[PDB]
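Participant: Can you keep this structure in mind? I'll have questions shortly.
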Amino acid sequence: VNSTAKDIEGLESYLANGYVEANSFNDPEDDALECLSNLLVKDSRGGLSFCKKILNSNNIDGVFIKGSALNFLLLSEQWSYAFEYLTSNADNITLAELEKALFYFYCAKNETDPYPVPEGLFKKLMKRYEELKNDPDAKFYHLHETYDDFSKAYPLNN
Amino acid sequence: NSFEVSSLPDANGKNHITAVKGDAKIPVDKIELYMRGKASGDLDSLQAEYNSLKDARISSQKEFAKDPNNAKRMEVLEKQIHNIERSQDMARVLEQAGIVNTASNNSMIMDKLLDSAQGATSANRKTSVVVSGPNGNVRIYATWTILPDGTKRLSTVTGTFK
Numbered sequence: 004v005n006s007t008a009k010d011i012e013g014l015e016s017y018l019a020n021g022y023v024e025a026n027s028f029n030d031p032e033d034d035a036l037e038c039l040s041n042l043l044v045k046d047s048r049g050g051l052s053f054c055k056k057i058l059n060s061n062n063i064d065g066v067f068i069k070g071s072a073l074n075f076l077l078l079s080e081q082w083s084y085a086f087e088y089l090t091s092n093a094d095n096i097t098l099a100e101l102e103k104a105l106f107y108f109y110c111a112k113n114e115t116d117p118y119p120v121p122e123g124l125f126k127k128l129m130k131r132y133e134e135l136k137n138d139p140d141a142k143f144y145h146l147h148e149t150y151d152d153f154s155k156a157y158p159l160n161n
Numbered sequence: 788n789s790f791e792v793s794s795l796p797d798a799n800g801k802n803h804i805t806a807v808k809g810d811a812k813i814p815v816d817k818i819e820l821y822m823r824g825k826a827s828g829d830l831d832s833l834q835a836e837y838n839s840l841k842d843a844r845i846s847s848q849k850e851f852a853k854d855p856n857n858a859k860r861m862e863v864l865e866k867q868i869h870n871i872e873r874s875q876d877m878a879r880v881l882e883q884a885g886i887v888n889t890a891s892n893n894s895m896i897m898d899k900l901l902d903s904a905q906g907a908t909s910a911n912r913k914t915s916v917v918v919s920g921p922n923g924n925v926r927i928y929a930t931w932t933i934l935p936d937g938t939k940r941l942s943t944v946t947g948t949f950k
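Quick mapping for you: the protein sequence lines, in order, are chains A and B. The first sequence maps to residues 4 to 161 in full-length UniProt numbering. The second sequence maps to residues 788 to 944, 946 to 950 in full-length UniProt numbering.
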């Protein structure tokens, strides 16, 4: 069972080499998710730092884990960074990031005081969905179902 | 033109049967995990635990968000279910094409995977091959880990490109 230092080591290895351990026969993205989420509950600051590094990396083959990193930020004290990242990157966020974003706001509808939504973000997200909805990989993120939940939560906005 | 089957140890010293060809490697267990719908875990109980978390978050997201152990569990469960659904989908794809689950078919698939990996550098860790069956052809997609010695170890096989 890893210390926070070892989880951090594994995450820096994943970012630099594409694996958490050279001789782990697991999918390294699965190893990276274990490391990232184990870090997050032990060391919030460090956990959210590596969420940010994962979103900004240009050298990561994993797609699911970019969703994870986005999702942990959305549900943290640093939600605003995630709102800003989405606004700035909507044009090219992945399937996984789009689904987390759409799901987050679907849920947010039930909050008594939801966070202020940046101007134009919902329109951007919808546009990006139209760009990605025919991707044959979309169904593994239940993108279409999550889009319907989102649009049904914001119908005047449709 | 052949591949070799030997046993190689992982980071904890545990040996894994592995198919080797040139500078590429496939732990043979990957066939069950990713291609034949025997990914790890029990789908029904996993989905039941994920659903109760998802429903808690949908109804009270702020309160759910306060304890990151919630996000941690839900996301880990989500990836396990996601890996199972991709693997069952791959099994469905091979079955539809008549590529039944036999030693020869699985050897065929691995040999072609190993061939596709021979070039791979850190500049591109993804390959794909066409496998042939009694009910037509299908493209399958693999991602690879580049090891410090430059050889490749299969990470995943999926029915769709990601």
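Even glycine gets a Cβ: it sits at the ideal position worked out from N, Cα and C.
Any Cβ of chain A within less than 9 angstroms of the Cβ of residue 930 of chain B?
Facilitator: So yes, residue 930 of chain B belongs to the interface.
Participant: Write down every uninterrupted run of the beta strand (DSSP E) in the region 837-904 of chain B whose length is 3 residues or greater and which is fully enclosed by it, in chain order.
Facilitator: Taking only runs of at least 3 residues, no beta strand (DSSP E) segment lies wholly in the region 837-904 of chain B.
Participant: Going along chain A, which residues have a C-beta under 7 angstroms from residue 943 of chain B?
Facilitator: Correct list: 30.
Participant: Would you mind reading off the limits of the beta strand (DSSP E) that contains residue 19 of chain A?
Facilitator: Segment 7-20 is the alpha helix (DSSP H) holding residue 19 of chain A; no beta strand (DSSP E) there.
Participant: Please check if any C-beta of chain A sits within less than 9 angstroms of the C-beta of residue 909 of chain B.
Facilitator: By this cut-off, residue 909 of chain B is an interface position.
Participant: Beta carbons nearer than 9 angstroms to chain A: which residues of the region 792-814 of chain B have them?
Facilitator: So the list reads 795, 796, 797, 798, 799, 801, 803, 805 and 814, given in the order they occur along the chain.
Participant: How is residue 808 of chain B classed by DSSP in three states: helix, strand or coil?
Facilitator: If DSSP states are grouped into helix, strand and coil, residue 808 of chain B belongs with the strands.
Participant: What are the partner residues of residue 916 of chain B, as DSSP defines its beta bridges?
Facilitator: Partner(s): B:927.
Participant: What residues in its chain sit with their C-beta under 8 angstroms from that of residue 864 of chain B, if we drop five residues either side in the sequence?
Facilitator: The answer, listed in chain order, is 833, 836, 837 and 840.
Participant: Report the neighbours of residue 110 of chain A on chain B: residues whose CB is nearer than 7 angstroms to its CB, in chain order.
Facilitator: In chain order: 844, 845 and 848.
Participant: Sort B:795, B:848 and B:824 by Cα distance to residue 107 of chain A and report the nearest one.
Facilitator: Here the closest residue by C-alpha is B:848.
Participant: Work out the CA separation of residue 859 of chain B and residue 89 of chain A for me, nearest whole Å.
Facilitator: Distance between the alpha carbons of residue 89 of chain A and residue 859 of chain B: 21 angstroms.
Participant: Please return the same chain residues whose Cβ sits closer than 6 angstroms to the Cβ of residue 907 of chain B, not counting the five positions on each side in sequence.
Facilitator: Taken in chain order, the residues that qualify are 931 and 939.
Participant: Can you name the residues of chain B whose CB is closer than 7 angstroms to the CB of residue 78 of chain A?
Facilitator: Here the neighbours are 852 and 858.
Participant: Applying the criterion that 16 or more other CB atoms from any shown protein chain within 10 Å of the CB defines a buried residue, is residue 794 of chain B buried or exposed?
Facilitator: Classification of residue 794 of chain B: exposed, given that the 10 Å Cβ count is below 16.
Participant: Tell me which residues of the region 62-75 of chain A have at least one Cβ-Cβ distance to chain B shorter than 7 angstroms, keeping chain order.
Facilitator: Listed by position, the residues of the region 62-75 of chain A near chain B (Cβ gap below 7 angstroms) are 64, 66, 67, 71, 74 and 75.
Participant: Quick check: what's the CA-CA separation for residue 78 of chain A versus residue 853 of chain B?
Facilitator: Each residue's alpha carbon lies about 8 angstroms from the other.
Participant: Contact criterion: CB-CB distance below 9 angstroms. Does residue 154 of chain A meet it with respect to chain B?
Facilitator: Closer than 9 angstroms: no.
Participant: Which chain B residues are close to residue 22 of chain A, counting only those with a beta carbon under 7 angstroms from its beta carbon?
Facilitator: Within chain B, the residues near residue 22 of chain A are 932.
Participant: State yes or no: is the beta carbon of residue 863 of chain B nearer than 9 angstroms to at least one beta carbon in chain A?
Facilitator: Yes, contact with chain A.
Participant: Are the beta-carbon atoms belonging to residue 36 of chain A and residue 862 of chain B less than 9 angstroms from one another?
Facilitator: Yes, the pair counts as a contact, with Cβ atoms nearer than the cut-off.
Participant: Who are the near neighbours of residue 32 of chain A in its chain, counting only those whose CB is closer than 7 angstroms to its CB and skipping five residues on each side?
Facilitator: Here the set comprises 65, 67 and 68.
Participant: Which bits of chain B does residue 33 of chain A rub up against, with CB to CB less than 8 angstroms?
Facilitator: Correct list: 866 and 870.
Participant: Three-state secondary structure (DSSP) at residue 155 of chain A?
Facilitator: DSSP places residue 155 of chain A in helix when its eight states are reduced to three.
Participant: Based on DSSP bridge pairs, tell me the residues matched to residue 939 of chain B.
Facilitator: For residue 939 of chain B, which the question treats as bridged, DSSP gives the partners B:811 and B:933.
Participant: Against chain A, with Cβ distances strictly below 9 angstroms, would residue 816 of chain B count as a contact?
Facilitator: For residue 816 of chain B, the answer is yes, since a Cβ of chain A falls inside 9 angstroms of its Cβ.
Participant: If you check the beta carbons only, do residue 948 of chain B and residue 876 of chain B fall under 9 angstroms apart?
Facilitator: For residue 948 of chain B and residue 876 of chain B, yes; Cβs fall inside 9 angstroms.
Participant: For residue 103 of chain A, which residues of its own chain have a beta-carbon under 6 angstroms away from its beta-carbon, when the five flanking residues on both sides are left out?
Facilitator: Same-chain partners within the cutoff: 70, 73 and 74.
Participant: Listing by chain order, which chain A residues have their CB less than 9 angstroms from the CB of residue 939 of chain B?
Facilitator: None at all; the shortest Cβ gap to chain A is about 11 angstroms.
Participant: Along chain B, which residues have their Cβ under 7 angstroms away from the Cβ of residue 139 of chain A?
Facilitator: In chain order: 948.
Participant: Cβ of residue 123 of chain A less than 9 angstroms from any chain B Cβ?
Facilitator: No, residue 123 of chain A does not count as interfacial toward chain B.
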